[PDB]
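S.K.: What follows is a protein structure lacking sequence information:
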């Protein structure tokens with residue numbers, strides 16, 4: 001349908017729940033489901049995970065992580081796989097920013113989408129976006145949302161990005177040029193393609209992938225893209 005966006009191609013970045021170029025840090029009772037990785041920084045950029053190398057040195061494991069951890073300085077083929085994943089993330093970021101069909105809704109709410117119910121589609125802002133009260137994304141199992149945000153993205157403390165109607169987090173893409181900050185005890189749905197950092201404050205929940213071209217920081221946070 002002429003109003004139904006096509007899903008952004010994450011390529012092999014879709015194999016990661018957290019992918020970052022400059023670091024992934026955690027404190028507190030964090031729990032991550034899925035694979036994590038950093039490149040081109042070394043595994044020193046993953047902090048707080050209590051990592052243990054597999055004897056192969058192609059991956060590491062953490063009691064916090066149901067999945068595997070990868071880094072640019074692990075054993076082949078991991079460095080090449082991590083370079084390809086970060087290139088696919090960069091390609092997806094640029095592609096998500098550049099989608100022109102379906103034609104976008106532009107500057108909605110001057111960036112404040114609190115209280116709104118958003119149909120599937122392309123939404124574009126020259127400003128940041130703020131979510132100071134719940135926003136609902138209402139649509140079916142395969143419907144797509146693409147959010148194109150020229151500045152920051154903020155979800156306030158205790159606030160939810162709600163899904164209704166069959167909408168799935170896997171089909172939601174947030175392209176953010178500035179920092180994405182998820183407030184304490186907040187719940188976010190969707191994939192975040194950040195040009196800079198993704199920051200989860202104490203107790204935040206991400207249902208989706210954190211794909212950052214700087215760092216991802218977790219504070220007693222829950223991250224899963226199941």
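M.R.: Yep, it's here. Residues are numbered from 1 along each chain as shown.
S.K.: Around residue 195, how many other residues sit close by?
M.R.: Here the number of neighbours of residue 195 (other C-beta atoms under 10 Å) works out to 18. Heads up, the C-betas are built off the backbone N, CA and C, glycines and all.
S.K.: wait, residue 192
M.R.: Neighbourhood size, residue 192 [other C-beta under 10 Å]: 22.
S.K.: Now do the SS call for it.
M.R.: Three-state assignment for residue 192 (DSSP: H, G, I helix; E, B strand; the rest coil): strand.
S.K.: right, and it touches residue 199 too?
M.R.: No: at 10.6 Å, residue 192 does not count as touching residue 199 under the criterion of C-beta atoms under 8 Å.
S.K.: shared neighbours of these two, which are they?
M.R.: Counting by C-beta atoms under 8 Å, 6 or more residues apart in numbering, the common neighbours of residue 192 and residue 199 are residue 180.
S.K.: measure stretch 120-129 end to end?
M.R.: Chord length of stretch 120-129, first to last residue, is 17 Å (C-alpha to C-alpha, to the nearest Å).
S.K.: Contacts for that stretch, please.
M.R.: Contacts to stretch 120-129, defined as C-beta under 8 Å, 6+ apart, come from residues 3-5, 99-108, 110-113, 137, 139-140, 143-154, 167, 178.
S.K.: if we go to 6 Å?
M.R.: Stretch 120-129 has contacts (C-beta atoms under 6 Å, 6 or more residues apart in numbering) with 5, 99, 102, 104-106, 111, 139, 143-153.
S.K.: And stretch 210-226, by the same measure?
M.R.: Stretch 210-226 has contacts (C-beta under 6 Å, 6+ apart) with 13, 17-34, 89, 192-206, 208-209.
S.K.: do the same with stretch 105-112
M.R.: Residues contacting stretch 105-112 (C-beta under 6 Å, 6+ apart): 123, 124, 125, 127, 128, 129, 130.
S.K.: Which among the contacts of stretch 120-129 count as buried?
M.R.: The neighbour-count test (16 or more other C-beta atoms under 10 Å) marks 5, 99, 102, 104, 111, 139, 143-150, 152-153 as buried among the contacts of stretch 120-129.
S.K.: returning to what we had before: mind giving me the PyMOL select for the contacts of stretch 210-226, buried ones only?
M.R.: Restricted to buried positions by 16+ other C-beta under 10 Å, the PyMOL selection for the contacts of stretch 210-226 reads:
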select buried, resi 13+17+18+19+20+21+22+23+24+25+26+30+31+32+34+89+192+193+194+195+196+197+198+199+200+201+203+204+205+206+208+209
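S.K.: Mind checking which of the contacts of stretch 210-226 are in strands?
M.R.: Among the contacts of stretch 210-226, DSSP state E puts 18-20, 23-27, 31-33, 192-194, 198-200, 205-206 in strands.
S.K.: which SS class is the residue lying farthest from the centre of the chain?
M.R.: Taking C-alpha atoms, centre = their mean, the residue of the chain most remote from its mean C-alpha position is residue 55, at 30.1 Å. Following three-state DSSP, we place residue 55 in the coil state.
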